[PDB]
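> Before I ask anything, here is the structure I am working with.
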RNA sequence: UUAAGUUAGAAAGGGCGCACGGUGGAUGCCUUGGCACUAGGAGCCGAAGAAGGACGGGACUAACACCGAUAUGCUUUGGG
RNA sequence: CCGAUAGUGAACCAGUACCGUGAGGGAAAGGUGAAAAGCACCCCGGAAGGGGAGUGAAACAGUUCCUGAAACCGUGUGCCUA
RNA sequence: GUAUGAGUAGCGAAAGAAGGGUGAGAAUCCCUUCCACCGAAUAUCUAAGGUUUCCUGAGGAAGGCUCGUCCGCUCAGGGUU
RNA sequence: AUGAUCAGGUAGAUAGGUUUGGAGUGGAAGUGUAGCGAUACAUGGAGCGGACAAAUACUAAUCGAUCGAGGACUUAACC
Ligand SMILES: [Mg+2]
Ligand SMILES: [Mg+2]
Ligand SMILES: [Mg+2]
Ligand SMILES: [Mg+2]
Ligand SMILES: [Mg+2]
Ligand SMILES: [Mg+2]
Ligand SMILES: [Mg+2]
Ligand SMILES: [Mg+2]
Ligand SMILES: [Mg+2]
Ligand SMILES: [Mg+2]
Ligand SMILES: [Mg+2]
Ligand SMILES: [Mg+2]
Ligand SMILES: [Mg+2]
Ligand SMILES: [Mg+2]
Ligand SMILES: [Mg+2]
Ligand SMILES: [Mg+2]
Ligand SMILES: [Mg+2]
Ligand SMILES: [Mg+2]
Ligand SMILES: [Mg+2]
Ligand SMILES: [Mg+2]
Ligand SMILES: [Mg+2]
Ligand SMILES: [Mg+2]
Ligand SMILES: [Mg+2]
Ligand SMILES: [Mg+2]
Ligand SMILES: [Mg+2]
Ligand SMILES: [Mg+2]
Ligand SMILES: [Mg+2]
Ligand SMILES: [Mg+2]
Ligand SMILES: [Mg+2]
Ligand SMILES: [Mg+2]
Ligand SMILES: [Zn+2]
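Residue numbers (the authors' numbering), protein chains in the order written: chain P, 3 to 76, 88 to 135; chain 6, 1 to 44; chain 4, 2 to 54; chain U, 5 to 115.
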């Protein structure tokens, strides 16, 4: 694995954030290495959602951030990222073995010349 | 580091003021020479 | 740790012979006809590998 | 009649940082030179791009030349009036800083 | 074909000559301001408030110059 | 007698700006053109800045604007160079 | 006045991420969510000192050790009972 | 360090994932039983498992572009 310019606690918090925005938005724009690292974590998480146990749900909840995706008229209660991961994203890839994400290169950033990409799960 | 200049309005006008200059023969000499050179501010 | 003699113009230019920058690795988008970088999404028609992004 | 030019006088970028990009589009067809300037990641590229497009436009309008048969005949960077600043160093002394400018000229002609 | 031998050419960059630009402000020319004097005049102002200032006055007013709540000015006698 | 590094510190809003608690120390900075006639209008640009057009004897006189040296920075090339 | 050192040293203690918006132009401006830091202070008043730095509408030449559509910066009107 | 070197670019196991393993740690969550309770036992060498191993084109190595020879003269041997 690669250190991303930050210590072990800050790196873990960065990876938990990025892996959650990919679940909620399905398409985000980040840098090159920062995307090549969340590629692995998002797919391990989707595998956990594929199993669909209670042990798997707890093990995924130990990594997902607790934030609302959208509020629905179910009484109108919200849904959270874990619910979407286990109810929407994981059933999509039932017949797919690996590679739930792809990376498409875009070009350098004006401010610091960082090579930006787009990572999006399909 | 405590520096050398610690400002105060009263401590400035009581030592360098106009009345302090005008209260002494040598202060009046200072005012006269500053008027001679042509300065905009006397004493102050 | 301080220059003994000043540097002449010839030596300065000789040192700067390698301080150029290369040429971008680009070609022409099939759909656009316009220029774009290889292995990148073209900014004009917004396509990659014959599919819209 | 056969050449057109445009200059950018006293641009804030320093000359040594713009010459390094000018040295890339010399003697090249304008269609390729615009793409050269678009895909190189430097700060001087937008300025030179604007100057080159101005030269092409006033070649097409003032003298009625063919766009598709144009090349970058010559391009150079000249020094401009520098601005003198200061930077407070340690132990009570200041150091000089030069905020340099430049003039950028490009000439397009048919080939 | 092979063996032995000889000599050209090259420029990533550089040197010299020339041509054309940029920066910089010398040199030339000029005078608005000074320097040294000559001839004449005048050599003091103030409690009837001085020298020097602060704040104000304009249709618009930051500054110079002028003026003082009669304030970018008032009355009178001459010039034009 | 000087002619803008000269002549007063000060030819220009100078005992100013700036420096110092204070007494006090104390600068830099002249010139478009005969006349603003100070570039209508078109084009590239967000603008600055340019290319035409026009005024002018001159715009390579376009608001540090008469002249415009040297250091210094570049572009092109005739002869030489691993 | 202009070079060489040289596109070199430095850019002054610290955690940010993504999604929308504005715009000619966005890592740097605005909004949302998550995360993180101080908490006998990095919180609330108030003297000295400063002297308009306060608020609103425009602005992007110079200042801001980068960028800037922003600002204790520039312009114009206000504001202290 | 960066260049460089080496293994690959669909004529594909180059990297990530996925499925089986392995080292390592050591008996997961949920439920049940015994006990007033801390706790203990069972389901069960269980669960987890960065970098290690083998399979597998699911994801990315797409598409294109650039450089790169036609070989001087003299003499000597079959020619
Ligand atoms: Mg910790
Ligand atoms: Mg040369
Ligand atoms: Mg006399
Ligand atoms: Mg007397
Ligand atoms: Mg009269
Ligand atoms: Mg002169
Ligand atoms: Mg003088
Ligand atoms: Mg003072
Ligand atoms: Mg004149
Ligand atoms: Mg204009
Ligand atoms: Mg001339
Ligand atoms: Mg003349
Ligand atoms: Mg010269
Ligand atoms: Mg060095
Ligand atoms: Mg550094
Ligand atoms: Mg800092
Ligand atoms: Mg952002
Ligand atoms: Mg804390
Ligand atoms: Mg404490
Ligand atoms: Mg006060
Ligand atoms: Mg202050
Ligand atoms: Mg102010
Ligand atoms: Mg404010
Ligand atoms: Mg700006
Ligand atoms: Mg800046
Ligand atoms: Mg302000
Ligand atoms: Mg290869
Ligand atoms: Mg593999
Ligand atoms: Mg196979
Ligand atoms: Mg085991
Ligand atoms: Zn395209």
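Don't be surprised by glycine CBs; every beta carbon is placed ideally from N, CA and C.
Mind checking whether residue 69 (chain P) and residue 92 (chain P) have CB atoms under 8 Å apart?
No, the pair does not count as a contact, with Cβ atoms beyond the cut-off.
> Mind checking which residues open and close the alpha helix (DSSP H) that includes residue 43 (chain P)?
Counting along the chain, the alpha helix (DSSP H) containing residue 43 (chain P) begins and ends at 34-53.
> Using the C-alpha atoms, what's the distance from residue 30 (chain U) back to residue 21 (chain 4)?
So the alpha carbons of these two residues sit roughly 14 Å apart.
> State yes or no: is the C-beta of residue 8 (chain U) within less than 8 Å of the C-beta of residue 63 (chain U)?
Cβ atoms of residue 8 (chain U) and residue 63 (chain U): closer than 8 Å.
> Name the chain 4 residues that come within less than 7 Å of residue 118 (chain P), Cβ to Cβ?
What residue 118 (chain P) touches in chain 4: 40, 41, 42.
> Report back the beta-carbon spacing between residue 59 (chain U) and residue 112 (chain U) to the nearest angstrom; my notes put them in contact at under 8 Å.
About 5 Å; that satisfies the 8 Å criterion.
> Let me confirm a value: residue 15 (chain U) is counted as buried when at least 16 other C-beta atoms fall within 10 Å, else exposed. Which label applies?
It is buried - the Cβ of residue 15 (chain U) has at least 16 other Cβ atoms within 10 Å.
> Taking 8 Å as the threshold (beta carbon to beta carbon), is residue 36 (chain 4) in contact with chain U?
True, the Cβ-Cβ gap to chain U drops below 8 Å.
> Does the pairing of the stretch 16-24 of chain 6 with the stretch 117-130 of chain P give three or more beta-carbon distances under 8 Å?
Output reads no: the stretch 117-130 of chain P does not touch the stretch 16-24 of chain 6.
> So residue 22 (chain 4) is in the alpha helix (DSSP H); what residue range does that whole segment cover?
Run containing residue 22 (chain 4): none; DSSP gives neither H nor E here.
> Take every Cβ of the stretch 50-59 of chain U, pair it with every Cβ of the stretch 89-104 of chain U, and state whether three or more of those distances are shorter than 8 Å.
No, the stretch 50-59 of chain U is not in contact with the stretch 89-104 of chain U.
> For the beta strand (DSSP E) containing residue 99 (chain P), list its first residue and its last residue.
Residue 99 (chain P) -> no beta strand (DSSP E), and no H or E assigned at all.
> Interface residues of chain U around residue 12 (chain 4) at Cβ under 9 Å?
By Cβ distance, chain U contributes nothing, its closest Cβ being about 17 Å from residue 12 (chain 4), past 9 Å.
> If you check the beta carbons only, do residue 37 (chain P) and residue 132 (chain P) fall under 8 Å apart?
Yes. Within cutoff.
> How far does the alpha helix (DSSP H) with residue 118 (chain U) in it reach, from first residue to last?
Here chain U has residues from 5 to 115 only, and residue 118 (chain U) is not among them.
> Can you tell me which of 95 (chain P), 8 (chain P), 40 (chain P), 53 (chain P) puts its alpha carbon nearest to the alpha carbon of residue 134 (chain P)?
Comparing Cα positions, the closest option is 40 (chain P).
> Alpha carbon to alpha carbon, how far is residue 97 (chain P) from residue 31 (chain P)? Give it in angstroms, no decimals.
About 21 Å.
> Alpha carbon to alpha carbon, what distance is there between residue 90 (chain P) and residue 99 (chain P)?
Whole-angstrom Cα-Cα distance: 17 Å.
> Tell me whether the stretch 107-117 of chain P and the stretch 3-11 of chain P touch, counting them as touching only if at least three CB pairs, one residue from each stretch, are closer than 8 Å.
Because the criterion of three Cβ pairs below 8 Å is not met, the stretch 107-117 of chain P and the stretch 3-11 of chain P do not touch.
> So, helix, strand or coil for residue 23 (chain 6), using DSSP?
If DSSP states are grouped into helix, strand and coil, residue 23 (chain 6) belongs with coil.
> Quick one: using the 10 Å Cβ neighbour count with 16 as the cut-off for buried, is residue 43 (chain U) buried or exposed?
So residue 43 (chain U) ends up on the buried side.
> Which residues does DSSP pair with residue 1 (chain 6) in a beta bridge?
Answer is none; residue 1 (chain 6) lacks a bridge partner.
> Looking at chain 4, is there any beta carbon in it that lies within less than 8 Å of the beta carbon of residue 125 (chain U)?
Because chain U spans 5 through 115 in this model, residue 125 (chain U) falls outside it and cannot be assessed.
> Could you give the residue range of the alpha helix (DSSP H) that holds residue 36 (chain U)?
That run of the alpha helix (DSSP H) goes 34-42.
> Hey, would you say residue 106 (chain P) sits closer than 8 Å to residue 48 (chain P), going by beta carbons?
Yes.
> Take the Cβ of residue 1 (chain 6) as the centre, count every other Cβ of all protein chains shown within 10 Å, and call the residue buried at 16 or more, exposed below.
So residue 1 (chain 6) ends up on the exposed side.
> Do residue 106 (chain U) and residue 18 (chain U) have their CB atoms nearer than 8 Å?
Closer than 8 Å, so yes.
> Can you pull the chain P neighbours of residue 20 (chain 4), defined as C-beta to C-beta under 9 Å?
Ordered by position in chain P, no residue passes the 9 Å Cβ test against residue 20 (chain 4), which lies about 18 Å from the chain.
> Which chain 4 residues are close to residue 27 (chain U), counting only those with a beta carbon under 8 Å from its beta carbon?
21, listed in chain order.
> What's the gap between the Cα of residue 33 (chain U) and the Cα of residue 17 (chain 4)?
Whole-angstrom Cα-Cα distance: 27 Å.
> Take residue 62 (chain P) and list the residues in its own chain whose beta-carbon comes closer than 8 Å to its own, dropping the five residues that flank it on each side.
Within the same chain, residue 62 (chain P) has close Cβ partners 47, 50, 51, 95, 98, 99.
> What is the DSSP secondary structure of residue 116 (chain U), reduced to helix, strand or coil?
For chain U, the structure presents residues 5 to 115; residue 116 (chain U) sits outside this window and is missing.
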